[PDB]
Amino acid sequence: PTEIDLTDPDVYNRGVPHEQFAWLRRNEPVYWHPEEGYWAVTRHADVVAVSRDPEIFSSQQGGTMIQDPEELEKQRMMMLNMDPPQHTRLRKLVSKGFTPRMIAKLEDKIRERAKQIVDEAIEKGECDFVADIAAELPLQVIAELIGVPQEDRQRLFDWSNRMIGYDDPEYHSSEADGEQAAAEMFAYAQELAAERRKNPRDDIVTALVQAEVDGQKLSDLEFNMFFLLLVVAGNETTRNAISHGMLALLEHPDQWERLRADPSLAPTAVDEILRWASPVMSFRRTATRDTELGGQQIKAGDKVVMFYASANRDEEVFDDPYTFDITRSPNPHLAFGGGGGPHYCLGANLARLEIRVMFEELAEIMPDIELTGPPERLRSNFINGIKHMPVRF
């Protein structure tokens, strides 16, 4: 196969290039793509090994985005781009509201919203599965969880689209759209923080302003950058799991029948949807010193790109990896990152709950859902996203 540039958004225009990943896994699983260049890491075990060693494979040294100085400095304030010990301290501060017990307290409220969202979509008849269902549930939930009034949730969605849509013409007008979105969101976040410091509420903003670990509290910039990451993660990952999951269910109709007949299949179905969609396709690291990975010699300063979508088709880990099987078990997919990595998704419990509740509700109402046209992909080299997906109920 020709040596495709996996950092180029256009190579994802016709979908995830799974044949390229399949050839790499079999023939060159740790592969130097020359240009500057980068190592493509495509096997599950090697993604896990890179993930769990931040001392060698740093997130701070070159950031975590896969394309090739002001950008790095303007984003080293993101928790994603920190290494221990800096990272360890920040993650201890912001994780309090995301433990499994805290998240499980939301199921009934999340189910109440999902039932109402599905009901209104069915009443409409013909709609956009993204705007009316897949994006709307995580949007309402993250607004309520953060503490943003429901009237303001559309501001959160528009900001988030501008933050990640920097390669898609529908979501960006030029290169500074995202920076301006961030400035607006920082001002909004600071207003909310000031209010909850004075008058605490049961929301994440209050949890964050009150948090204290080892004599430390969140600084202004730390708070603002974590608010930003929560809003973008809340709005640009789960909705694409739901959209690709619905598409997979319609295109593998036997699986949809099984789920409709047996709602107890939903927890395993969530993990197969996550393995299938792999909504976050890749993240980058930088080697801090000379090292060996999979018999390949990686030099200090080298860019290393972990392809979670390829890991989630690894024939050594998953039997029949190109089959969508909602009962697949076990299912050690890497959609949330390599297990053991210090940055492993902080919201994985919330994401699983949102996806589980939504598909339970779609399956129980038993509507006949059908596509009325092709879904439109987000242009991205990072997110495996669906912008629109016309359906009829």
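Throughout, we count residues from 1 along the sequence that is shown.
Count the deposited residues lacking coordinates between residue 35 and residue 36 and you get 4 to 9 of them.
According to the entry, the deposited sequence places 4 to 9 unmodelled residues between residue 68 and residue 69. The question of which stretch, 172 to 180 or 145 to 153, has the higher mean Cα B factor is settled in favour of 172 to 180. Checked against the record, the higher mean CA B factor of 368 to 376 and 7 to 15 lies with 368 to 376. The residue among 248, 211, 72, 233 whose C-alpha carries the highest B-factor in the deposited model is 72. Of all the options 274, 225, 300, 305, the entry's greatest CA B-factor is assigned to 300. In the PDB entry, residue 129 places in the middle third of its chain by CA B-factor. When the modelled residues of the chain are ordered by C-alpha B-factor, residue 217 sits in the lowest third. Annotation for residue 239: CA B-factor lies in the lowest third of the chain's modelled residues. Ranked by Cα temperature factor within the chain, residue 257 sits in the lowest third according to the deposited record. Sort the chain's modelled residues by C-alpha temperature factor and residue 206 lands in the lowest third, per the entry.
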